[PDB]
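**Student:**
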Amino acid sequence: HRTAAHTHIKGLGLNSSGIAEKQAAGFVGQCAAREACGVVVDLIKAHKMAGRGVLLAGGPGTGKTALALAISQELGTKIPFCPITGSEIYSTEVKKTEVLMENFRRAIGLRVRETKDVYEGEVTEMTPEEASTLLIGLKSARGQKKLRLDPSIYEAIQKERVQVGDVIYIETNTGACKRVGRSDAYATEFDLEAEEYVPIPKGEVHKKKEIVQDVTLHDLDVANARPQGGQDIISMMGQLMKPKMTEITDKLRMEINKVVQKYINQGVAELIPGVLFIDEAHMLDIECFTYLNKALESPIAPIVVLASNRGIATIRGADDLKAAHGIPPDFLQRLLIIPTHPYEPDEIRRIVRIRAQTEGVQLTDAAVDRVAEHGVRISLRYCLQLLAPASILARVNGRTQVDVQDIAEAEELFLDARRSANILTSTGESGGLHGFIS
Amino acid sequence: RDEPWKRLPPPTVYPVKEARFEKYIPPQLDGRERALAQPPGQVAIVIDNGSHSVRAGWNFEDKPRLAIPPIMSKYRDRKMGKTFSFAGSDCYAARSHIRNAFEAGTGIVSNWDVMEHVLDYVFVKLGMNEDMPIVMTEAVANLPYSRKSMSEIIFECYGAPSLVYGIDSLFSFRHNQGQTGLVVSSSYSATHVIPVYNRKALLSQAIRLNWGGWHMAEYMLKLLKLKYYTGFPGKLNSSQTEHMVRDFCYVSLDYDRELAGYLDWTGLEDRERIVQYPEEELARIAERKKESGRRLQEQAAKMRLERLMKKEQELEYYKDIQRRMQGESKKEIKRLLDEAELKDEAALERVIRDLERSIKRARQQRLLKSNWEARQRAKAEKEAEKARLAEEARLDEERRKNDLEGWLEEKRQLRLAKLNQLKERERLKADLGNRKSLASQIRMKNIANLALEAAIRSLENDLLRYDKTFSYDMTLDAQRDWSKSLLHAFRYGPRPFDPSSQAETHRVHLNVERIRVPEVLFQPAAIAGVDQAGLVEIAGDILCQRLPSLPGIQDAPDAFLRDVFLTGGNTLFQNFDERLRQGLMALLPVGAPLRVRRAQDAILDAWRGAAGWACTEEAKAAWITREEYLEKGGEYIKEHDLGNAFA
Ligand SMILES: Nc1ncnc2c1ncn2[C@@H]1O[C@H](COP(=O)(O)OP(=O)(O)OP(=O)(O)O)[C@@H](O)[C@H]1O
Ligand SMILES: Nc1ncnc2c1ncn2[C@@H]1O[C@H](COP(=O)(O)OP(=O)(O)O)[C@@H](O)[C@H]1O
Numbered sequence: 014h015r016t017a018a019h020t021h022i023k024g025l026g027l028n029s030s031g032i033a034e035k036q037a038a039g040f041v042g043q044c045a046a047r048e049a050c051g052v053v054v055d056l057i058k059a060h061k062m063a064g065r066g067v068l069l070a071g072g073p074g075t076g077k078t079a080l081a082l083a084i085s086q087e088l089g090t091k092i093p094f095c096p097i098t099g100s101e102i103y104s105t106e107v108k109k110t111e112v113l114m115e116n117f118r119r120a121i122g123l124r125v126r127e128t129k130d131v132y133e134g135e136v137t138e139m140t141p142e143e144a156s157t158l159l160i161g162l163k164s165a166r167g168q169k170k171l172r173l174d175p176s177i178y179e180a181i182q183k184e185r186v187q188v189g190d191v192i193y194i195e196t197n198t199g200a201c202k203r204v205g206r207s208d209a210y211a212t213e214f215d216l217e218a219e220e221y222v223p224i225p226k227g228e229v230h231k232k233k234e235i236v237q238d239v240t241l242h243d244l245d246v247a248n249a250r251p252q253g254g255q256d257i258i259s260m261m262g263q264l265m266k267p268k269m270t271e272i273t274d275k276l277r278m279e280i281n282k283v284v285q286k287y288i289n290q291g292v293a294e295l296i297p298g299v300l301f302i303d304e305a306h307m308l309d310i311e312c313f314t315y316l317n318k319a320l321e322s323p324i325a326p327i328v329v330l331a332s333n334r335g336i337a338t339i340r341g342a343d344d345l346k347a348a349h350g351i352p353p354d355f356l357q358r359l360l361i362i363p364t365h366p367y368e369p370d371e372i373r374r375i376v377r378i379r380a381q382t383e384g385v386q387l388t389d390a391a392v393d394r395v396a397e398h399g400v401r402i403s404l405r406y407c408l409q410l411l412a413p414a415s416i417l418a419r420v421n422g423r424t425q426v427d428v429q430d431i432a433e434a435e436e437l438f439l440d441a442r443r444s445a446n447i448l449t450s451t452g453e454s455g456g457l458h459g460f461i462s
Numbered sequence: 015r016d017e018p019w020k021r022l023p024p025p026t027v028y029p030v031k032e033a034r035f036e037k038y039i040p041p042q043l044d045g046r047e048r049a050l051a052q053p054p055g056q057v058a059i060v061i062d063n064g065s066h067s068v069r070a071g072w073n074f075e076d077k078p079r080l081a082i083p084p085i086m087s088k089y090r091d092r093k094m095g096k097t098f099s100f101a102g103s104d105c106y107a111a112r113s114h115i116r117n118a119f120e121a122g123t124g125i126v127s128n129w130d131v132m133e134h135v136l137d138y139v140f141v142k143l144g145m146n147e153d154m155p156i157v158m159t160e161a162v163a164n165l166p167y168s169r170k171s172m173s174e175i176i177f178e179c180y181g182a183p184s185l186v187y188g189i190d191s192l193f194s195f196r197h198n199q200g201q202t203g204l205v206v207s208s209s210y211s212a213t214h215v216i217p218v219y220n221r222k223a224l225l226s227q228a229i230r231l232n233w234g235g236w237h238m239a240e241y242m243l244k245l246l247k248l249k250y251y252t253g254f255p256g257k258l259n260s261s262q263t264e265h266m267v268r269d270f271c272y273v274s275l276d277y278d279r280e281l282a283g284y285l286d287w288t289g290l291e292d293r294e295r296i297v298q299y300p311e312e313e314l315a316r317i318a319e320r321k322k323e324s325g326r327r328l329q330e331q332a333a334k335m336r337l338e339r340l341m342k343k344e345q346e347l348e349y350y351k352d353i354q355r356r357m358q359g360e361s362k363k364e365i366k367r368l369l370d371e372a373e374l375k376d377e378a379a380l381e382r383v384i385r386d387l388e389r390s391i392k393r394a429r430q431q432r433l434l435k436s437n438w439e440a441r442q443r444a445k446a447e448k449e450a451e452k453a454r455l456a457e458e459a460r461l462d463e464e465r466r467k468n469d470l471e472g473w474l475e476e477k478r479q480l481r482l483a484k485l486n487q488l489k490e491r492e493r494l495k496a497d498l499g500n501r502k503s504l505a506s507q508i509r510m511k512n513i514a515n516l517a574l575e576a577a578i579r580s581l582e583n584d585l586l587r588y589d590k591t592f593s594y595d596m597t598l599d600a601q602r603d604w605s606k607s608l609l610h611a612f613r614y615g616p617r618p619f620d621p622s623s624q625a626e627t628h629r630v631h632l633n634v635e636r637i638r639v640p641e642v643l644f645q646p647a648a649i650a651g652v653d654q655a656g657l658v659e660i661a662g663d664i665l666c667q668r669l670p671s672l673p674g675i676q677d678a679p680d681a682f683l684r685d686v687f688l689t690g691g692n693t694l695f696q697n698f699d700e701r702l703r704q705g706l707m708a709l710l711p712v713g714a715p716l717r718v719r720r721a722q723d724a725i726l727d728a729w730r731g732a733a734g735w736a737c738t739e740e741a742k743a744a745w746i747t748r749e750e751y752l753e754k755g756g757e758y759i760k761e762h763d764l765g766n767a768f769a
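As given, the protein sequences belong to chains B and J, one line each in that order. Read left to right, the first sequence gives residues 14 to 144, 156 to 462 (the authors' numbering). Read left to right, the second sequence gives residues 15 to 107, 111 to 147, 153 to 300, 311 to 394, 429 to 517, 574 to 769 (the authors' numbering).
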């Protein structure tokens, strides 16, 4: 349990009728944006979505990404959520219209249920039956058990160095085997052998457990393009033979859709459409808002929550047009735009109290007003970053709770950006030996 | 540290239960009067020929009448002029000429002159004044000569209608109402494992382990003889070790974890089991020691003063030579230095400096003035040295009022240096009792070429007072104390040492012997070196490798695992059936209905089974009458399903 910048966000805090209530689940105020994000969460769960775009306006300091983490904890662990910033789309190995499709294919989720039948235990004998099939007795501390092996899983046992009485761990379903060690009954056969002597497991020999587990479609794309991990031994050279990201063509994705729809029609897997949260979308340039306008029109595309804080700025990559939000109006008509208004002075105090009781820093009511004064007069990100140093100035001076004096000391030890700009301009007047170098 | 034995409770001690006599001589004649009242064919005398305790009685009762050891003893008194010979429990174990009917370590009778008198005592104390059938037990796969000799003693010495031999563990099986199982019976002489299939013993494949309660007693005697190493003032009989094993040993469930953390200090007081065995003159001695001490101090003080005076005289002599050398020619300085046996003026200054440092550290009126001035110089030197030490102490205290860390690092380095010096000395000391050491070779090479504890305590005291990270455990004294060694915990316990008192030296402590001695049944080849297999491994060899490979039986795991029960006398240990159940659970396949239990009256059901068997139709169809002994011979075997194989 360590505090982040969004630890106190638990959920959107809605009613049963989809109406936001003030000071609920960590948020303070911000009604209409939480109502709209609740509608977005219901749209994601409704499974009637093949590409929808949601833009979040509002300047810096307001709660844009807090809404996104509220959505991410409102969906749960089940439905996948991929947060990427705009600046991650640039690479030096692939084009930047292919990393977008890699994020779209990381967004869609594919849930498979398995019943793994694991076999822990000491090998009793290695008897080749036919001349082929090789029986193995797996002795536990509860009883041994015979086991008939396929002639291909035995060539995976045999590659491992399993001889007489090594404890092993056979997966029955997936056919995965690991040699855990040599059993301690055969420990002191010789006296300085070099193995890992482990005791016989004091449980069952046949443990049957079931596991629900997810796979993203991008992992299917990578596992079908290039051999990965298992038998890819020439990758230890590194220079040309490493697993470099390659240009996954449209034909490969068009076939993987066929195969996944085949395994959904058999009732094996389940499909769950995810969320792609692209943050600070002004860093996306015009060679990607062209490609999003195509890639959202697929019948498989996930919902895209874009976040952008800028005003009428210059679209990157094409310097001769200005547009709102850094988003071209060719693309801006698709988006559902949600506003994010600033904070009143009576709605900053509650954020101070919630952020204080998240970090455990308790403080008197004469200091909450001072932190709210710095929140009104300077910024919201700065006033919340004085609750943690002042507690360090509290338990050192023989106190437990934070008073006005510790914050009056921390405002001098920890200057903000505005007073540093004033010192940088006015106090740092002459550019000489002991001056700043503009 | 006084803590580990300050709040320690007073000990709860158990005395020695030696197998003594008991004040009873009954000539019980009330059994023959009841035996002659029953109809014929249903009266028989049953004798369990046990190696530890021969039992005997009539079949129509539940408890045996006589339960005696095979001990006998014969004497002749010349002060009385009479031959004595009594046997059984009437021997006191004051005289002992004891010889037993059974061979020590094996339940095969080979001491027939004792067995004859034991049977004589049995037939006397039952009441025989004149011819009943005899049902008698023997060992598994008995030797034919022993059966021939026993049958010869039964027919020829006493005169009997019929007798029949059987295996006592199988009688306890038949009394326990089993049909098919795996009888594991740990007796006094050997531990048998016998598979029984539909009330029939499969004696072609029964296996006896060569360990038993007598081996328990003898191995316990050997380990108490080797534990108390320097000589224990007490008679260590075998029988008292047997009674120690009977009430102070239990088979541990998980042995390799219980054993390795057994002799830890925390909680040894509850593991350990302990066994008993049956001012004016001080002021005058203190004054004499004070007076002898005063005289030695006075002599030492005189010698010290004399040495100081001699050094002062020598210093004056060399200073005089130094003064005479001031202003003399280089030739006269060499003559004065040669007269003083000195090589150079530098050697003279070194001798004067050394003598001054040593003194600084340390007619009648003329002599008295010279002695008084010498004492004043010595006192002035001592006072100057004391002043110097006091100043150094003050400066050290003043420095301490300042830095402490750098001070602690210096004290740690000084401690390490002194420890290394102690180790180098210990090494030199150990090497001095040795030769190959290069130390004697370097000495011989040199001859051939020619041909602190107080300081450590002082530093530790300083670290204990000022260093919070330095504990008493890190002191040299702590690294040298009983509470550290395990051998005191192994022989004596967590209490302090024996001060050679009356009721303290005569004590035997038991720690490991509780779980080491009854463990030999499962790991024989390692603890006691008997080159055979464990009980678990024998049971697994029979259940998993021989019985499925034997034709004529239906289910090898589905039938023999229904009832595995434990019979013999060497079985009433705490947690003995559970160990065998966990071993067989580790060996058998998963799902076998294993149910290990034990008999009801483990030391007495071997008699009751032959008591209930004695007067049935199968027993009537398995007797050997007298004319059958006269015709068929001696080694004739009625093949019964409990007795051994016919020959
Ligand atoms: N309460 C008890 N706890 C543990 N052991 C006991 C107890 N009582 C008796 N014994 C053990 O039982 C043993 C006696 O067994 P028993 O006399 O039944 O063997 P046995 O039938 O004479 O053997 P065999 O058939 O070979 O002659 C003794 O060694 C004694 O240590
Ligand atoms: N309704 C709210 N309740 C509590 N904290 C909030 C709320 N809205 C914003 N915050 C705070 O704002 C900060 C996040 O600002 P952020 O949304 O990251 O701005 P931007 O999206 O412009 O980078 C977090 O520290 C969070 O504590």
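For every residue, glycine included, the Cβ atom is placed at its ideal position computed from N, Cα and C.
In chain order, which continuous runs of the beta strand (DSSP E) of length 3 or greater are located wholly inside the stretch 224-251 of chain J?
**Tutor:** Listed in chain order, the complete beta strand (DSSP E) runs (minimum 3 residues) inside the stretch 224-251 of chain J are 229-231.
**Student:** Residues of the stretch 697-718 of chain J in Cβ contact with chain B at a cutoff of 9 Å, in chain order, please.
**Tutor:** So the close ones are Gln704, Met707, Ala708, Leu709, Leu710, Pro711, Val712, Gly713, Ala714.
**Student:** What's the call for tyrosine 221 of chain B, buried or exposed, on a 16-neighbour Cβ count within 10 Å?
**Tutor:** Exposed, because fewer than 16 other Cβ atoms sit within 10 Å of the Cβ of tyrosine 221 of chain B.
**Student:** Among B:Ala432, B:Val376, B:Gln409, B:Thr364, which one has its Cα closest to the Cα of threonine 75 of chain B?
**Tutor:** Among B:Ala432, B:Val376, B:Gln409, B:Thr364, the Cα nearest to that of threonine 75 of chain B is on B:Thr364.
**Student:** Run through DSSP, which three-state label would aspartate 238 of chain B get?
**Tutor:** Of the three classes helix, strand and coil, the one that applies to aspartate 238 of chain B here is strand, per DSSP.
**Student:** Which whole runs of the alpha helix (DSSP H) in the stretch 405-459 of chain B are 4 residues long or more, in chain order?
**Tutor:** The stretch 405-459 of chain B contains these whole alpha helix (DSSP H) runs: 411-419, 428-437, 441-446.
**Student:** Hey, is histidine 458 of chain B's beta-carbon within less than 9 Å of any beta-carbon in chain J?
**Tutor:** Chain J contact via Cβ: absent.
**Student:** Could you give the residue range of the beta strand (DSSP E) that holds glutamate 160 of chain J?
**Tutor:** Where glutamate 160 of chain J is concerned, the enclosing beta strand (DSSP E) stretches over 156-160.
**Student:** Tell me the residue span of the beta strand (DSSP E) that contains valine 204 of chain B.
**Tutor:** Residues 201-207.
**Student:** If we require 4 or more residues per run, which alpha helix (DSSP H) segments fall completely within the stretch 323-385 of chain B?
**Tutor:** Qualifying alpha helix (DSSP H) stretches, in chain order: 353-356, 373-383.
**Student:** In three-state DSSP terms, what is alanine 318 of chain J?
**Tutor:** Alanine 318 of chain J falls in the helix class under three-state DSSP.
**Student:** Quick one: grab the DSSP three-state call for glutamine 168 of chain B.
**Tutor:** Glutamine 168 of chain B falls in the strand class under three-state DSSP.
**Student:** If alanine 337 of chain B sits next to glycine 350 of chain B, beta carbons under 8 Å apart, how far is it from one beta carbon to the other, in whole angstroms?
**Tutor:** About 5 Å; that satisfies the 8 Å criterion.
**Student:** Along chain J, in chain order, which residues have C-beta atoms closer than 7 Å to that of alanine 165 of chain B?
**Tutor:** Per Cβ cutoff of 7 Å: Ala708.
**Student:** Enumerate in chain order the residues of its own chain whose CB-to-CB distance from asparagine 198 of chain J is below 6 Å, with the five nearest sequence positions on each side excluded.
**Tutor:** Here the set comprises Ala721.
**Student:** From what residue to what residue does the beta strand (DSSP E) around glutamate 111 of chain B run?
**Tutor:** Counting along the chain, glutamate 111 of chain B falls outside any beta strand (DSSP E), and DSSP gives it neither H nor E.
**Student:** Is the beta carbon of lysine 343 of chain J sitting closer than 9 Å to the one on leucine 387 of chain J?
**Tutor:** A contact, by the Cβ cut-off of 9 Å.
**Student:** Shorter than 9 Å from the beta carbon of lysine 129 of chain B to some beta carbon of chain J?
**Tutor:** Cβ-Cβ to chain J under 9 Å: no for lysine 129 of chain B.
**Student:** Cβ atoms of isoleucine 310 of chain B and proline 353 of chain B: under 9 Å apart, would you say?
**Tutor:** Their beta carbons are not under 9 Å apart, which means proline 353 of chain B does not touch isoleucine 310 of chain B by this criterion.
**Student:** How would you label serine 103 of chain J, buried or exposed, when you count the other beta carbons within 10 angstroms and need 16 or more for buried?
**Tutor:** It counts as buried.
**Student:** Are there 16 or more other CB atoms within 10 angstroms of the CB of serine 173 of chain J, so buried, or fewer, so exposed?
**Tutor:** Classification for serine 173 of chain J: buried.
**Student:** Taking 9 Å as the CB-CB limit, is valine 136 of chain B close to chain J?
**Tutor:** It does not: the Cβ of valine 136 of chain B has no partner Cβ on chain J nearer than 9 Å.
**Student:** Look at the alpha carbon of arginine 377 of chain B and the alpha carbon of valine 392 of chain B, and state the distance between them as a whole number of angstroms.
**Tutor:** About 8 Å.
**Student:** Taking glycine 298 of chain B and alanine 120 of chain B to be in contact with their CB atoms under 8 Å, please state how far apart those CB atoms are, rounded to whole angstroms.
**Tutor:** Yes, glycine 298 of chain B and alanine 120 of chain B are in contact; Cβ-Cβ is about 4 Å, under 8 Å.
**Student:** Which same chain residues end up closer than 7 Å to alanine 650 of chain J when comparing Cβ atoms and leaving out the 5 residues on each side of it in sequence?
**Tutor:** So the list reads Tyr241, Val642, once near-sequence residues are dropped.
**Student:** Are the beta-carbon atoms of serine 87 of chain J and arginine 69 of chain J separated by less than 9 Å?
**Tutor:** It is not a contact, given that the beta carbons lie outside the stated cut-off.
**Student:** Can you tell me whether DSSP reads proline 670 of chain J as helix, strand or coil?
**Tutor:** The answer is helix: DSSP assigns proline 670 of chain J an H, G or I state.
**Student:** Hey, which unbroken runs of the beta strand (DSSP E) at 3 residues or more fall wholly within the stretch 243-301 of chain B?
**Tutor:** Correct list: 293-296.
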